[PDB]
Number of protein chains: 2
Amino acid sequence: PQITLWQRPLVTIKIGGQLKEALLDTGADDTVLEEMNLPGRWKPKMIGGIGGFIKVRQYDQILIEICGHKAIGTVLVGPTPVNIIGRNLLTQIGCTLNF
Amino acid sequence: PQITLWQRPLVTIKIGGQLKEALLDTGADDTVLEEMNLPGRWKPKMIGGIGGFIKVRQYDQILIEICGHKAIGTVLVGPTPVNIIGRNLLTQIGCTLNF
Ligand SMILES: CC(C)[C@H](NC(=O)[C@H](Cc1ccccc1)C[C@H](O)[C@H](Cc1ccccc1)NC(=O)OC(C)(C)C)c1ncc[nH]1
C-alpha cells in the first residue's frame, strides 16, 4: 500500500502469537517494542533517542508478519512509549520513501 | 526521489541562510533541529521521544527548503542528537511511505 503521512503510519503486526499495532519508522535504525512475552535467550543492550538512553533486551531471529508480510529480525524489547518498526525490518518488507 | 531504507534517509536542507543534513522521519510528529541560530521570537515546549522528554524552543512559520522543495512550518530547536524532518513538514513536500 501507499501511505500518506497526514496521520501516524500505524500497521498491525503479529509477533509471538500476539497482535499489536506499530509505527513504520524511517528514523529508527532498530525495531523496539513495548514489553511483552517473547521466548528465548536475549542479550542486554542500551539504545538512545531524544531524551536519552533506555535499557532493552535483544532477540535475534524473531519472526514478525507486518501489515501482513513475514520478516525475521532483531527485535529489541523494553521501555518504549510506542512500538517502532525500524529500518532493519522496513528494508525486508521492501518499504521506500517517495516524494 | 525514491529513497530505499538501506542507509539512514538523510537529505540536505536549507534553513535560514544555513545548509544542514537532516533525517526524513515518519516516526516524528514534529521537525526538531539541533541548536541553531534562527531569527525571532520562539516559545518553550517539551517533547517526549524514546528515552524521555527534552526542552526545546519553538518556532512557527519558518521556511525550509527540503531537497529543493520549499515548505513552511513549525521548527523546534533544541538538544536532539540529529536534525529530524517530521510529519508536519513531510506532508507538505508530498512524501509517502510505500511497500
Ligand atoms: C532505535 C530508535 C528508537 C532510535 N531512533 C529514534 O529514537 C528517532 C530519532 C533519532 C534518530 C537517530 C538518532 C537519535 C534519535 C525517533 C523516532 O522517530 C521517535 C519514535 C517515537 C514516536 C512517538 C513517541 C516516541 C517515540 N520519534 C520521536 O522521538 O519524536 C520526535 C518528534 C522528538 C522526533 C534510533 N535510531 C537510531 C539510533 N537510535
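The figures that follow rest on heavy atoms only: side chains count, while hydrogens, waters and symmetry mates do not. Note on naming: letters A, B, ... go to the chains in the order of the sequence lines (proteins, then strands), and numbering restarts at 1 for each one.
Only the side chain of B/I84 has a heavy atom closer than 4.5 Å to any heavy atom of chain A. Only the side chain of B/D29 comes within contact range of chain A, with at least one heavy atom under 4.5 Å from a heavy atom of that chain. Within the 4.5 angstrom heavy-atom criterion, only side-chain atoms of A/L90, from C-beta onward, approach chain B. In this structure, chain A has heavy atoms under 4.5 Å from both the backbone and the side chain of B/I93. Residue A/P1 touches chain B through both its backbone and its side chain, counting heavy-atom pairs closer than 4.5 Å. Residue contact with chain A, scored on non-hydrogen atoms closer than 4.5 Å, involves the side chain of B/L23 exclusively.
B/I15 pairs with exactly one of B/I64, B/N83, B/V77 by the side-chain contact (heavy atoms from CB on, under 4.5 Å) rule, that one being B/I64.
Looking at every heavy atom in both residues, B/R57 comes nearest to B/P79 through NH2-CD, 3.6 Å. Contact between B/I50 and A/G49 at its shortest, heavy atoms only, is CD1-N, 3.3 Å. Smallest separation of non-hydrogen atoms from A/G78 and A/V56: CA-CG1, 4.2 Å. In plain terms, the two heavy atoms of A/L5 and B/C95 that are nearest each other are CD1-O, 3.2 Å.
Within a 6.0 Å radius of CE in B/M46, no more than 12 heavy atoms belonging to other residues, nucleotides or ligands are found.
The residue among A/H69, A/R87, A/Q7, A/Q2 with the most heavy atom pairs within less than 4.5 Å of chain B is A/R87. Between chain B and the options A/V82, A/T26, A/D25, the largest number of non-hydrogen pairs under 4.5 Å is found for A/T26. When B/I85, B/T4, B/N88, B/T91 are compared by the number of non-hydrogen pairs under 4.5 Å with chain A, B/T91 comes out ahead.
To the nearest 0.5 angstrom, A/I47 atom CD1 is 12.5 Å from A/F53 atom CZ.
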